[PDB]
Amino acid sequence: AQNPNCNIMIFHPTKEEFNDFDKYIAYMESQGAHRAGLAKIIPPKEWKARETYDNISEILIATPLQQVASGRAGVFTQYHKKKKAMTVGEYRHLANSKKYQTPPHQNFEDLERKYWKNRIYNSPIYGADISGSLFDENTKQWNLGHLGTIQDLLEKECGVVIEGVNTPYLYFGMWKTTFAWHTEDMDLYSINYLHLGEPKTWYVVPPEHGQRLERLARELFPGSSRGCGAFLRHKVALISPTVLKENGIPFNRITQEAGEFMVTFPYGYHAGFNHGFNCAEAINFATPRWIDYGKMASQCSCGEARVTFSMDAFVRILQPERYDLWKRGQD
Ligand SMILES: O=C(O)CNC(=O)C(=O)O
Ligand SMILES: [Mg+2]
Ligand code: NI
Ligand SMILES: [Zn+2]
């Protein structure tokens with residue numbers, strides 16, 4: 001069995017190997033990459049996402065989200081308070097202000113310490129989930145707006161033809177902006193490219209151990225667990241590495257830098273934080289190996305998780321027994 005310790009693997013494809021996206025994902029899996037839940041892919045030196053970022057400040061963040069924490073430093077939830085619209089140029093200036101900027105630090109490890117010590121005492125503003133792309137249309141390799149769609153994968157593997165679309169999303173971050181512990185919708189893959197700016201630190205639980213994280217989360221967030229049998233779908237709960245280690249939960253960590261891709265694999269729980277002003281692009285995708293994870297994915301039916309249009313068909317076809325309850329939670 002390849003990668004039996006479930007370590008995060010780092011790949012350096014050549015320009016030739018960067019041509020065929022599906023083939024390279026399958027290659028990484030042949031080497032056991034999926035066992036970690038997360039892999040890093042460093043593009044060949046010849047590749048670029050676009051020529052420059054000199055022209056992005058006019059993008060609008062229609063609904064910036066202030067991430068307000070409750071709990072203790074290592075075990076907390078966050079709620080998203082909506083803020084007035086602002087441009088990327090306005091948000092960059094805000095990120096760089098004395099109130100929000102990254103503090104002085106020695107290295108990534110020192111910054112990670114400071115994040116976990118102090119996160120809860122601040123409320124950073126995240127421009128998340130913005131439909132759009134920063135890949136140049138002429139970038140042919142690993143262009144996250146030109147991937148094969150999940151609907152087409154389901155049609156190819158299963159024969160069924162469904163509605164829905166699959167487009168990328170932009171994320172503008174600042175110091176301490178946080179992504180809570182989650183798997184993807186329908187336990188899909190994700191791919192994330194850090195276009196520019198400061199790093200993103202990731203934590204991940206191997207898919208084979210995801211239920212260990214779920215059981216800890218039920219212990220640590222007991223009212224949320226009574227409310228919903230899949231409350232991590234709400235994407236609000238944070239648990240620190242120290243708390244994970246105290247409770248014996250297997251996990252790994254890695255820091256993504258600008259110019260790097262990360263892939264999350266089906267049912268790989270992940271969480272993390274931004275080091276300073278940055279911009280990432282991410283999208284969900286599927287492969288044949290996903291289908292069995294999609295069939296078994298948990299679902300939130302309590303009403304909180306509310307998701308895209310395109311998830312309807314996935315539930316309807318892969319999980320027809322659950323469909324009626326889940327759709328009630330959507331409506
Ligand atoms: O970058 C972020 O805030 C969150 N991204 C993801 O969870 C992802 O790419 O799957
Ligand atoms: Mg612009
Ligand atoms: Ni994710
Ligand atoms: Zn729920």
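By convention here, the first residue in the shown sequence is residue 1. Whatever order the structure lists ligands and atoms in, that order sets their numbers, starting from 1.
Under the 30°/60° scheme for interplanar angles, the aromatic rings of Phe261 and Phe135 are found to lie parallel. Between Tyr24 and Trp142, the ring planes are perpendicular. Angles over 60° get that label, and only those under 30° would be called parallel. Note: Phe18 and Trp47 have perpendicular aromatic rings, judged against thresholds of 30 and 60 degrees for the angle between ring planes.
Evaluated for a ring pair (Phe, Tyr, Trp, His ring centres under 6.0 Å) with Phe21, the options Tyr27, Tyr189, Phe285 yield exactly one hit, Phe285.
Protein N/O/S atoms closer than 2.8 Å to the Ni ion (ligand 3), listed by chain and residue number, are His182 NE2, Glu184 OE2, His270 NE2.
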Could you give the side-chain donor-acceptor pairs of residues 167-176 under 3.5 Å, partners two or more places apart or in another chain?
| unit_1 | atom_1 | unit_2 | atom_2 | d |
| --- | --- | --- | --- | --- |
| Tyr171 | OH | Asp129 | OD1 | 3.1 |
| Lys176 | NZ | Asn118 | O | 3.3 |
| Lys176 | NZ | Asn122 | OD1 | 2.8 |

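In the hydrophobic clustering, where aliphatic and aromatic side chains (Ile, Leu, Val, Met, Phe, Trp, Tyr) are joined below 4.5 Å either directly or transitively, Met296 stands alone.
For the pair SG of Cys228 and SG of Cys302, the angle at the Zn ion (ligand 4) is about 120°; rounding is to 10 degrees.
Remark: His270 engages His182, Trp202 in a ring-ring contact (aromatic ring centres under 6.0 Å, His included) (not counting sequence neighbours).
Considering just the N/O/S atoms of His234, the one nearest the Zn ion (ligand 4) carries the name NE2.
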